[PDB]
Amino acid sequence: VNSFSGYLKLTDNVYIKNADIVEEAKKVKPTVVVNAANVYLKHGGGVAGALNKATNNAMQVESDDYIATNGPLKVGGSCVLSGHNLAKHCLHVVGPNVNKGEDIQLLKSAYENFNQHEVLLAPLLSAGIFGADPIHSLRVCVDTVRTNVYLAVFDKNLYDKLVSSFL
Ligand SMILES: Cc1c[nH]c2ncnc(NCC3(O)CCSCC3)c12
Ligand SMILES: [Cl-]
């Protein structure tokens, strides 16, 4: 039993809700919140910009130190940093950005990072401003993630389409 509430159950391990991931994290304080990161951990917009804003820019300050030490992430890769006031940890995961020409096949590699964590609150990787088809992202999620994932979909119209079209 966990404290996630109001989710529709898609499979044994994948759950979904129309919710603002920022407000969800603040309520649940999950062990892991996933950020839709880029390789530079520049949290300017989309999910990343919203999560960072909710931390009063502390996420960005921490991220800049991470990059200065370690260099950029790989597309498909991740790192674990603090969850600040939102979660114990933030798993920064880089899905391919179609608006940069990145290979959509890397979306599966991106979701594989979730399997290192027993339970996660997450957005759909590569959705929104990363330009991929969210229906495809949900399919890859269900077919790749084996741990317990609670997906927050900000857009109500999109949430309804994802549910109604789910096979
Ligand atoms: C931008 C943003 C702020 N807070 C959020 N919580 C969750 N998801 C988000 N954007 C990604 C999205 O859910 C992918 C699937 S379709 C709708 C968009 C956001
Ligand atoms: Cl977005």
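Reckoned from all heavy atoms, side chains included, excluding hydrogens, waters and symmetry mates. Counting begins at 1 with the first residue of the sequence.
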**Q** Under 4.5 Å between side-chain heavy atoms, hopping through other hydrophobics if needed: is there a path connecting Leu91 to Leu121?
**A**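 Different clusters: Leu91 never reaches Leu121 through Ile, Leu, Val, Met, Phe, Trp or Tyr contacts under 4.5 Å.
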**Q** To the nearest 0.5 Å, tell me how far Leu125 CG sits from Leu138 CG.
**A**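 Output value for this atom pair is 11.0 Å.
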**Q** Within a radius of less than 6.0 Å around CG of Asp12, do more than 12 heavy atoms belonging to other residues, nucleotides or ligands occur?
**A**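 No - once you tally the heavy atoms of other residues, nucleotides and ligands closer than 6.0 Å, there are 12 at most.
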**Q** To the nearest 0.5 Å, tell me how far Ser5 OG sits from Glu24 CD.
**A**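 The CD atom of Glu24 is 8.0 Å from OG of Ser5, to the nearest 0.5 Å.
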**Q** Over all heavy atoms of both residues, which pair between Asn113 and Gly76 is shortest? Give the atoms and the distance, please.
**A**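 Smallest interatomic distance, heavy atoms only, reads ND2-O, 2.9 Å.
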**Q** Looking at every heavy atom in both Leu86 and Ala54, which two are closest together, and how far apart are they?
**A**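 What the structure gives for the nearest pair is CD2-CB, 4.0 Å.
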**Q** Please identify each residue that fulfils side-chain contact (heavy atoms from CB on, under 4.5 Å) with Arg146, with sequence neighbours left out.
**A**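 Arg146 satisfies side-chain contact (heavy atoms from CB on, under 4.5 Å) with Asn115 only.
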**Q** Is the side chain of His43 donor-acceptor paired with the backbone N or O of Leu41 at a distance under 3.5 Å, no angle test?
**A**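 Here the side-chain-to-backbone pair exists.
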**Q** What closest approach, in Å, do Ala36 and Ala48 show between heavy atoms, and which atom pair accounts for it?
**A**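 That would be O-CB, 3.6 Å.
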**Q** Starting from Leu120, can I reach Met59 by hopping between I/L/V/M/F/W/Y residues whose side chains sit under 4.5 Å apart?
**A**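 Different clusters: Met59 never reaches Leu120 through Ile, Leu, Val, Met, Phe, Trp or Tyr contacts under 4.5 Å.
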**Q** Is there side-chain contact between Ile135 and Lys161, with heavy atoms separated by less than 4.5 Å?
**A**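 Sidechains of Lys161 and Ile135: in contact.
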**Q** Counting distance only, does the side-chain N/O of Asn97 pair as donor-acceptor with the main-chain N or O of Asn99 below 3.5 Å?
**A**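 A pair under 3.5 Å: yes.
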**Q** Looking only at non-hydrogen atoms, find the nearest pair between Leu107 and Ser126 and report the distance.
**A**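 Result for this residue pair: CD1-OG, 3.6 Å.
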**Q** Any side-chain heavy-atom pair from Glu62 and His84 closer than 4.5 angstrom?
**A**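 A side-chain contact exists here, since the closest heavy-atom pair is under 4.5 Å.
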**Q** Measuring only between side-chain heavy atoms, which start at C-beta, is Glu118 closer than 4.5 Å to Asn148?
**A**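 When only atoms from C-beta onward are counted, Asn148 and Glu118 do not touch, as no gap falls below 4.5 Å.
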**Q** Using the test salt bridge (charged side-chain N to carboxylate O under 4.0 Å, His left out), find all partners of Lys26 that sit at least two apart in sequence or belong to another chain.
**A**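 For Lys26 the salt bridge (charged side-chain N to carboxylate O under 4.0 Å, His left out) partners, ignoring immediate neighbours, are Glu23.
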**Q** Quick check for you: to the nearest 0.5 Å, what is the distance between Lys42 atom NZ and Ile67 atom CD1?
**A**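 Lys42 NZ to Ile67 CD1: 7.5 Å, rounded to 0.5 Å.
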**Q** Can you tell me how far the CD1 atom of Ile104 sits from the OG atom of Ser137, to the nearest 0.5 Å?
**A**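 That separation rounds to 7.5 Å.
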**Q** Does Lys29 reach the side chain of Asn85, with side-chain heavy atoms less than 4.5 Å apart?
**A**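 The answer is no, as the side chains (C-beta and beyond) never meet within the 4.5 Å cut-off.
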**Q** If you compare all heavy atoms of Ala25 against all heavy atoms of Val33, which two are closest, and at what distance to 0.1 Å?
**A**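 Minimum heavy-atom separation between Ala25 and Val33: CB-CG2, 4.4 Å.
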**Q** Are the side chain of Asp20 and the backbone of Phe154 linked by a donor-acceptor contact shorter than 3.5 Å?
**A**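 No, the answer is negative, given that no donor and acceptor are paired below the 3.5 Å cut-off.
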**Q** Can you list every salt bridge (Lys or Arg N to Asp or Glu O under 4.0 Å) pair that touches residues 98-113, not counting sequence neighbours?
**A**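 Qualifying pairs, neighbours excluded: none.
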**Q** Can you tell which of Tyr150, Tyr7, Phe4 makes a ring-ring contact (aromatic ring centres under 6.0 Å, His included) with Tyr15?
**A**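 Testing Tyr15 for a ring-ring contact (aromatic ring centres under 6.0 Å, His included) against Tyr150, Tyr7, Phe4 leaves exactly one candidate, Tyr150.
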**Q** Hey, mind stepping through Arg139 and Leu167 against side-chain contact (heavy atoms from CB on, under 4.5 Å) and telling me if it holds?
**A** CA-CA 9 Å; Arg139 188 74 258 167; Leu167 189 47; 4.0 Å; yes
**Q** In the single-linkage hydrophobic clustering (I, L, V, M, F, W, Y; side-chain heavy atoms under 4.5 Å), do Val119 and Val34 co-cluster?
**A**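 No, it is not one cluster - the side chains of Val119 and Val34 are not joined through contacts under 4.5 Å.
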**Q** Between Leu81 and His92, is there a side-chain heavy-atom distance shorter than 4.5 Å?
**A**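 Result yes, sub-4.5 Å side-chain heavy-atom pair found.
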**Q** Is there a side-chain contact between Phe166 and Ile16, using heavy atoms and a 4.5 Å cut-off?
**A**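 Answer no - side chains too far apart.
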**Q** State, with a plain yes or no, whether a side-chain heavy atom of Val80 is found less than 4.5 Å away from one of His89.
**A**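 With C-beta onward as the side chain, the pair touches.
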**Q** Verify side-chain contact (heavy atoms from CB on, under 4.5 Å) between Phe114 and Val93, making sure each step is shown before the conclusion.
**A** CA-CA 9 Å; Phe114 289 25; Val93 181; 4.1 Å; yes
**Q** Looking at CG of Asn52 and SG of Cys90, how far apart are the two atoms once the value is rounded to the nearest 0.5 Å?
**A**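 Interatomic distance, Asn52 CG to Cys90 SG, rounded to 0.5 Å: 10.0 Å.
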**Q** Verify the cluster assignment for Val145 and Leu8: are they in a single hydrophobic cluster under the rule of side-chain heavy atoms below 4.5 Å apart?
**A**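 Yes, because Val145 and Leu8 connect within a single hydrophobic cluster, where side-chain heavy atoms sit under 4.5 Å apart.
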**Q** Can you find a pair of side-chain heavy atoms, one from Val47 and one from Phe130, that are under 4.5 Å apart?
**A**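 No; the side chains remain at least 4.5 Å from each other.
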**Q** Quick check: is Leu151 connected to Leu158 through a chain of hydrophobic side chains (ILVMFWY, heavy atoms under 4.5 Å apart)?
**A**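 They do share one cluster, since a chain of ILVMFWY contacts under 4.5 Å joins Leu158 to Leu151.
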